[PDB]
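Taking the form deposited in one PDB entry, here's one chain by itself in structure tokens.
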């Protein structure tokens, strides 16, 4: 909540609207390595976070920290290239700030992507996990983008999250993967947000396994929470860039340079998939 106020989201929404011919319907937050999706846009208009009025600017990236509009598979999009994370210092009400403006920009659906670790044994690095649920660890402790006075203008005080990932789109997703007649079926599991920038220890990965998590990451959850709070259809995927959970001879135990999950390769796939998916996102035209 804090730091920003409604006119803050209202001045930014307007600044963008009055600076772009585009009026986005779908907002797409690309995860690490998935920024490529921006290339798929047409009639694109690239704004620098830096440029936009109250938009948090990047801590290091910047370049791989831009907001591009345009179109994807027949949907007026707006892809945030280079999402913000709590571990960069951004308070969660800066992390999720974009989502609040996308809503005022008219966005009604938010597709978020990310790069997690593979907790579930069945996963194979490279797999794309459809997020069916999430475990908001920072939220349990207090780190929830909604903390602070509730702005009924955006939504409720106690919004529910048991319905976060829109059954419909998840269906249309599982179907679509099948339409394409793909190899490894679109995975589906719970994503566990873990704040910290360092990577989990074996002992930690195991508690994440026990907790129910399928993939671990340091983002998404914040954007999903406030998006839902605004009443935004939300669905997303998680590129499984690696995996671990074994003391009994770590062997590899990751590093990060390991995270790439056949970089170009898989990143390209999750991207095309999301793009194909634009056609399964209800058009504000009601369609009938």
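Shifts are known only where both forms have a C-alpha. Here the rigid core means the biggest group of C-alpha atoms that line up within 1.5 Å when the two forms are laid on top of each other. Numbering follows the first chain given and starts at 1.
Remark: stretch with higher mean C-alpha B factor among 134 to 142 and 165 to 173 is 165 to 173. Here 154 to 162 and 111 to 119 are compared by their mean Cα B-factor, and 154 to 162 comes out higher. Based on the entry's C-alpha B-factors, the most elevated value among 253, 66, 57, 229 belongs to 253. The PDB entry assigns the greatest CA B-factor among 220, 38, 242, 238 to 242.
The PDB entry assigns residue 31 a C-alpha temperature factor belonging to the middle third of its chain's modelled residues. The deposited CA B-factor of residue 184 belongs to the highest third of values across its chain. Among all modelled residues in its chain, residue 200 ranks in the middle third by Cα B-factor. In the deposited entry, the Cα temperature factor of residue 246 places it in the highest third of its chain's modelled residues. For residue 124, the recorded CA B-factor ranks within the highest third of the chain. Only modelled residues enter the ranking.
As for the form deposited in another entry, it is not shown, yet the points below apply to it.
Once you line up the core between this form and the one not shown, the CA of 260 is the only one from 41, 232, 225, 260 that shifts by 2 Å or more. For residue 246, the Cα coordinates differ by 2 angstroms or more between this form and the one not shown after the core has been superposed. Relative to what is shown, residue 259 and residue 234 are farther apart in that other deposited form; their C-alpha atoms differ in spacing by at least 3 Å. Between residue 258 and residue 209, the Cα distance is greater in that other deposited form than in this structure, by no less than 3 angstroms. After superposition on the rigid core, the sole stretch of at least three consecutive residues with Cα shifts of 2 Å or more between this form and the one not shown is 245 to 261.
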